[PDB]
Amino acid sequence: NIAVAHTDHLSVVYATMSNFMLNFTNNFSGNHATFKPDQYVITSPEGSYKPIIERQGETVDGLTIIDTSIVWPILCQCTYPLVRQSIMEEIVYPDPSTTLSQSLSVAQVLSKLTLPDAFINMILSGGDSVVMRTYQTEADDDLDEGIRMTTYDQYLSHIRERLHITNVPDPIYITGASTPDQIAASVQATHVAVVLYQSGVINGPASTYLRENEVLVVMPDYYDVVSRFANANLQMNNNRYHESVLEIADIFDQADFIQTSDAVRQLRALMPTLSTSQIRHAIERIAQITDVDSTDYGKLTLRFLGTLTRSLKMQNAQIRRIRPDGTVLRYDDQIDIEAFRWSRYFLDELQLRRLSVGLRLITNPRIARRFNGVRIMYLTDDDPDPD
Amino acid sequence: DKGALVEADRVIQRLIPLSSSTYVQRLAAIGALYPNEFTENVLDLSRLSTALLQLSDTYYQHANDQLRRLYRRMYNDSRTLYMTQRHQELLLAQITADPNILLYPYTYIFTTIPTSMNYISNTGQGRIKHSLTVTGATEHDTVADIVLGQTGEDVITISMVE
Amino acid sequence: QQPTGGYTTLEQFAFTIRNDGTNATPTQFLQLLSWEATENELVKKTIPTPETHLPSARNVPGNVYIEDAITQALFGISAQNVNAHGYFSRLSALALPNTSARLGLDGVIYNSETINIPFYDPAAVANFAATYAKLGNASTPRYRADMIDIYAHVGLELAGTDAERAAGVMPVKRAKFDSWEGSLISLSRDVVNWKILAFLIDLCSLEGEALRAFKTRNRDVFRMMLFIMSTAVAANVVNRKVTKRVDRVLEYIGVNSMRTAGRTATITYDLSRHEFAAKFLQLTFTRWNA
Amino acid sequence: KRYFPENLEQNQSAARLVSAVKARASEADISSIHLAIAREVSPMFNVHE
Amino acid sequence: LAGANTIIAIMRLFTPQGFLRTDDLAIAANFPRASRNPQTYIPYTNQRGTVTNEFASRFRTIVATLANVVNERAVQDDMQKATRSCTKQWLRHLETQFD
């Protein structure tokens, strides 16, 4: 008797609830013995990725504690509105609205809460720099004169999270018998100008190509770094180092996820060596300033959501499918959703567009009025012409 | 290939991995290549998949350089179909009959496929007795001394007198 | 009114694009763009002759903006669901025996010539609007364009040497040229501007000696046009830093991938817009080849 | 005192770990921290155990 | 070492993150100084790049190779199975806590 209207009437409710706005993701495929959800984690070249579906342990005011023995009330002691028999009781249909704008709203509340953090981390996308050593060669060229060097362990922690992220094969291996014909083939397929290194003595045609192209050769270790380089014409030895940091921005022109706008190419140079605390502090402040008291209703989710900061680096954040047990798969064009490949910076597709203008506005001579150096000397202020 | 009336549901029997995922990518990858020789035997189903999936790994693997590419190609462009001149010509008789046969759009005729290796096979149950030939034609340079493992009796036991 | 003689061969219908400093002709611009030929390949099929039935003009008082729409949608920049309330078909009102509505020279459709406003000779518009009415019905389930396959051609036409384009085959070459801070999107906004129309009306209404002669002179102005568009649907578009410049690269030219979420270095293609460029390419293409 | 993400101290299952770290970790002695740093650079005369 | 490379790896994390500095100012004032080559160790260097911190970022990889080690290591219990997940957890927070 209960299943009569329970199944007819109770079911159609799911029929619709299955599709409420934010209420995404697939919960159950229908086959107990083999359905494992999709593991979504926020990957991040910077810090350690944070999985969406985690074991967190922050059991929302009770909730997340299945109570099994919740059938006993339903079945036996609970009255239905369609089983009600015989009385009519004309079914009710919630107005698709209280439920809708409420949802559209909290959804909206989230979009705004993240605007400051998302914007700033973004201005510094192309900021993490690695340290590469420069080797002099054909003596007559200053500091950036020949072959580029970085430690393999180092290239790893930095310049690598990225290729895997932007897909494209892994860098080629330059070694012994390699020439330009092989390297360009690869830097060209890969885009980023890197090559990894193995066996020593890298003949002439290869070194010349590397210097007159600035390819960042990733080196493992550093014993006789000048030994493994068919050092013809000499002028290149373990003593001619320019220990210069490489702005990732200056080796990753992939606009979708590394604001390399020439315009911001310089705001960063203007900034005073940051930090996690400050990058973070700006966010607190940049955010404190944008006074936007949102809805009498928008407020509850926050009091309730318990904002209380939001750790997670998010230097770069890429949502990714994380096959069970680390790895963090690439973005297999054929399985993950498309919105997902990049992510601009977690900024509306439209505001980014106005933003195209601001960097332009921020660089315009007329608004530079903060000159650098004063000159002291001693003339007589006669006919003062500001210029 | 043999020339024999084949009342089939449709010329090209293979099937288009639309959204595959690497494994299926490289599986169908092989498919088009018809890397075989008319077996005559019967292949043991169930492990039939792993058998097939394994073969491609070794085919492209011993590959052939030229055809190693011809195959790295279909490895990507896979939503396409790879018939073969002859096939193609046939499907035409079909469309001709009544221009309503709505058969598969994107495709790519081959061009007899770049030679091959009749990769003999079968997953029967005999063990293969080979009769090593004196002199072939792969003029061996030297190649290192091989190390057969240990025969773990319960597979093979060796005894004193047939 | 106003005759023709050639049409696009006239003062105000000059297609330029502006690159680096001054605005130059796209013919010259193209010559500033090279290829990377991938170890792939793409043979060209044979565009299916467009469905004859031209949509129904539909009653709608008010001149509607045609040139701006056709183009806003193709090398748009954010045109969303294009084939809803889409008027493109209202462009069939022109094709007829002795209709009144004239194709304004600003890319608007008027009904009856009006007080001080040019308009292409109703003699030739009757041949252009004759076929592109079709472009109207691109959302009609049973008429929708080819699409994905139709790109084999945009591509060898855009790239391919005089040699590849002759035997059909041609690697899928990846385009790189010298970029200049958000160049593709800008190249494009500049194009949304051209008075496309003036081109097409000439594309299909020139007899022969004249038509083939112009097809050749204008292949350059045209190609720049497919290109701004092919990039709309191209795998990944990446920027390459080199010595001092940035050599921008288009990964795979002429291989519609169906990419649909807003990129940045280019113009996205909502799925509808996507079927449309599909539709636009087929008619204009089937036509280019007399 | 600031240990674990706090919520961890509260969680049923974690407390097993909440515990190892809790016992392993001590109390910020004003004294031990400088001395701890001082020995980094100063002579060695006993072979630290 | 041929086999057992994995232990060699867990081992490599310990290898210092500083540079040898040779006492120059002290050598100048003369000052006593045992060894006839007064150079010494500085635990971690300075931060050259504007935002990366070569030093703390390094510890970050340490929490992975390490954290990763926590996944290879399996168990046989409910207590062991649980705490392992959450420590995989504490272990990470601990690292941003370090950055």
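Which chain is which? They are A, B, C, D and E, in the order written, and residues in each are numbered from 1.
Criterion: contacts are C-beta pairs under 8 Å (C-beta built on N, C-alpha and C of every residue); 3 or more make two chains touch, one makes a residue touch a chain.
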If you check the contacts of subunit A and subunit B, which chains show up for both? C
Return the chain label for which the distance between chain Cα mean and whole-protein Cα mean is smallest. A
Could you work out which chain's C-alpha centre is the most distant one from the centre of subunit C? D
Report, in whole Å, the distance between the mean C-alpha point of subunit A and the mean C-alpha point of subunit D. 33
Roughly how far is subunit D from subunit E, centre to centre by C-alpha average, rounded to an integer in Å? 17
Interchain centroid distance [CA atoms averaged], subunit B/subunit D, Å: 62
Measure off the straight-line distance from the CA centroid of subunit B to the CA centroid of subunit E, and report it in whole Å. 51
Which residues belonging to subunit E are in contact with no fewer than two other chains? 85-86, 89, 93
What are the residues of subunit C that contact at least two other chains? none
So which bits of subunit B are touching at least two other chains? none
Pairs of chains satisfying the touch condition: A-B, A-C, A-D, A-E, B-C, D-E
Going by the contact rule at the top, pick out the subunit C residues touching subunit A in the complex. 36, 181-182, 236, 238-243, 246, 249, 259-265
Subunit B contacts subunit C in the complex at 69, 72-73, 76-77, 105-106, 108
Can you tell me which positions in subunit E touch subunit A when the two form their complex? 47-54, 57-58, 60-61, 63-64, 67-68, 71, 85-86, 89, 92-93, 95-96, 99
Residue ranges of subunit A in contact with subunit B within the complex: 332, 334-335
With touch defined as at the start, can you tell me which subunit E residues reach subunit D in the complex? 40, 43, 79, 82-83, 85-87, 89-90, 93
